[PDB]
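Just below is one structure, and these are the notes that go with it.
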Amino acid sequence: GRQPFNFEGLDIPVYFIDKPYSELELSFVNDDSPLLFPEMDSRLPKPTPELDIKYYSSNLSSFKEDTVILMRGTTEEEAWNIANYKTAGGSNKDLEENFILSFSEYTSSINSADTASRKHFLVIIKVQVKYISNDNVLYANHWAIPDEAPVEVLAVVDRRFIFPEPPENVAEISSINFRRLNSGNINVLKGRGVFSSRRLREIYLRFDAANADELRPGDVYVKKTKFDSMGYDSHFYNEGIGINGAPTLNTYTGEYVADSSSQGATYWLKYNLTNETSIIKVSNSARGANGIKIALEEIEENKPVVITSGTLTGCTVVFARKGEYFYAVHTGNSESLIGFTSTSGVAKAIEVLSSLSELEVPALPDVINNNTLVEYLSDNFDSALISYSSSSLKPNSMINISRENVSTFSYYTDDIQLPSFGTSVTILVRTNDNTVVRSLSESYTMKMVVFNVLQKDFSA
Ligand SMILES: [Cl-]
Ligand SMILES: [Mg+2]
Ligand SMILES: [Mg+2]
Ligand SMILES: [Mg+2]
Ligand SMILES: [Mg+2]
Ligand code: NA
Ligand code: NA
């Protein structure tokens with residue numbers, strides 16, 4: 001093989017070997033650990049908040065000499081070279097040699113560092129602001145640093161989890177939940193509340209993903225590569241959510257179904273679907289739509305897939321089938337734009353649906369509203385479900401037509417006593433030699449309980 005790198009002679013204040021869950025409820029998860037999630041291990045220095053880094057970098061004359069703390073997932077060899085040469089890219093060339101630029105990207109996102117370092121190495125550095133920039137990064141919360149820039153290495157953690165394979169009833173109930181899902185029974189997700197996570201884990205399934213947002217006029221962004229451990233694609237990220245921002249489209253595995261970012265979650269904070277379940281979270285874009293297209297023949301036996309839209313409080317979720325492909329689109333806005341979702345949001349959803357289905361956008365009326373979405377879906381897809389919020393006060397939100405191939409679920413109406421929220425989810429399961437596809441939309445009221453539902457099957 002290749003000689004193991006020996007870190008003992010290096011200048012590393014904090015160096016240790018990370019233990020996976022299986023070596024410490026998740027006693028069978030041998031390729032992940034709680035090092036960074038949900039709480040960053042107390043041995044590790046914490047990164048500088050993204051907003052503070054942006055503040056320093058935006059006032060460079062005032063803070064060029066000050067430092068920030070950043071994280072990175074790297075290989076064994078990269079981590080050793082960073083710690084040995086004390087430069088951002090593990091280079092021993094002098095910075096001056098560039099002026100007679102190669103860059104490495106670090107992150108302020110704990111979840112991003114978790115994703116990148118799992119099964120590899122975590123490196124934490126302190127670096128002066130004059131060496132960082134984010135002008136050309138593709139991933140959220142990333143900062144490029146010249147490979148030759150000096151850094152102070154604060155921690156290196158070996159997260160390769162090289163350990164002999166493992167030979168309140170949370171584990172047992174979660175295994176039953178997996179068996180229920182894996183049978184193709186949508187009832188496992190009924191009534192147990194909303195779920196979402198900001199975690200990023202690559203799942204087995206590749207799918208087309210698209211984004212249309214008013215921040216980027218004149219373009220629909222299309223991603224056909226896997227959602228992988230490099231980080232959070234900035235097109236599927238919303239810097240305005242909370243403090244460090246949040247992803248608007250991410251995949252994770254079912255050992256965590258909801259985390260503390262899921263507004264209103266209950267049952268799925270406690271129990272899970274095991275890490276054999278693959279979950280795709282599709283949220284709205286800041287001012288527009290995110291969508292995915294799944295090839296039903298690529299769902300694999302004993303690897304069920306769950307799509308969740310998170311907590312619905314005004315946004316529109318579309319599930320649809322055309323041929324051998326399933327579509328999920330979530331449109332709306334995070335900027336409290338009254339009337340956007342039932343008008344511009346519909347237009348953005350149609351842009352995404354047309355892009356994913358490889359159709360030219362059809363001719364649309366001058367006034368685009370939720371009825372327009374019903375018509376578009378009816379004419380261009382085999383079957384569809386719209387889950388949406390309507391009020392007699394906002395006429396554009398009201399759906400007053402019907403099409404035989406389009407179901408609609410108003411998870412909010414004026415008849416609802418707040419507080420309330422909606423959910424909309426789909427399961428895709430290869431069982432009995434076919435791909436079962438079942439969708440479920442719910443309204444929750446009041447401890448929140450479901451009082452209104454629509455269940456739609458998209459399989460034969
Ligand atoms: Cl991953
Ligand atoms: Mg990283
Ligand atoms: Mg490695
Ligand atoms: Mg129950
Ligand atoms: Mg949510
Ligand atoms: Na183990
Ligand atoms: Na050294």
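Each ligand, and each atom within it, is numbered from 1 in the order the structure gives. We use all heavy atoms of the structure for the numbers below, so side chains are in, but hydrogens, waters and symmetry mates are not. This chain uses plain numbering: 1 for the first residue, then up along the sequence.
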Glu239: partners by salt bridge (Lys or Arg N to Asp or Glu O under 4.0 Å), with sequence neighbours left out: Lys54
Within 45° cone and under 6.0 Å: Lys223 NZ/CZ vs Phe227 ring: yes
Can you tell me if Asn185 and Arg179 form a side-chain donor-acceptor pair at under 3.5 Å? no
Taking the Na ion (ligand 6) as the centre, how many protein N/O/S atoms fall inside a distance shorter than 3.0 Å? 2
Taking only residues two or more places apart in sequence or in another chain, which ones pass salt bridge (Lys or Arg N to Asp or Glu O under 4.0 Å) with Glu148? none
Would you name the heavy atoms of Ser459 and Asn434 that are closest together and state the gap between them? CB-ND2, 4.5 Å
Identify every side-chain donor-acceptor pair in residues 151-163 under 3.5 Å, counting partners at least two apart or on other chains, and give the distances.
unit_1 : atom_1 : unit_2 : atom_2 : d
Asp158 : OD1    : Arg160 : N      : 3.1
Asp158 : OD1    : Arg160 : NE     : 3.1
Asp158 : OD2    : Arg160 : NE     : 3.4
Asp158 : OD2    : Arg160 : NH2    : 2.8
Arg159 : NE     : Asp18  : OD2    : 3.0
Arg159 : NH1    : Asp114 : O      : 3.2
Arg159 : NH1    : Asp114 : OD1    : 2.8
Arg159 : NH1    : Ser117 : OG     : 2.8
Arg159 : NH2    : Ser33  : OG     : 2.9
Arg159 : NH2    : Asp114 : OD1    : 3.1

